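This document starts with one chain, in the form deposited in one PDB entry, laid out as structure tokens.
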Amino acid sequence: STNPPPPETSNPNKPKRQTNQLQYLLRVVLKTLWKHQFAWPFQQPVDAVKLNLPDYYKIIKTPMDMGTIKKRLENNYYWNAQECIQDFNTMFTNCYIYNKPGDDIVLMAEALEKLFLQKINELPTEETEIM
């Protein structure tokens, strides 16, 4: 068709780790985002073939979505919280560079992003490890 396989969520070489900030991201930030009115387009990888998105994978070199992010959180895939935050920003900016400003999907991403920036500002200022 063809869609690339979902992004990796497990790191054999890359070391596993957990912090109170990654914990807050999973148990609070992502839980709030997941039930937003506009979460559903971002809950799984973009099926660009079924959606007939021309050149989507030529233009979007790093596909990203909240289902991948959630599983990476559940797999301690991230070293720290800022790494998780980068995947969220990649998901939002993917949508902004691919679509006309002000389109429906862009409005949905913008509203999710606005909620996301609000919740990540509740993150503990100090990072502390977890077993």
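All residue numbers are counted from 1 along the displayed sequence. Only residues modelled in both forms are compared. Between two forms, the rigid core is the largest collection of C-alphas that superpose within 1.5 Å.
There is also a form deposited in another entry; it is not shown, and the following applies to it.
| Does the distance between the two CA positions of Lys114 reach 2 Å or more between the shown form and the other one, the core being superposed? | Comparing forms between the shown form and the other one, the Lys114 CA shifts below 2 Å.
| request: Examine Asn20 after superposing the rigid core and state whether its CA is displaced by 2 Å or more between the shown form and the other one. | output: Shift at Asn20: below 2 Å after core fit.
| field | Regions shifting between the shown form and the other one, defined as 3+ consecutive residues whose CA atoms all move 2 Å or more relative to the core | value | After superposition, only residues 11-18 shift as a run.
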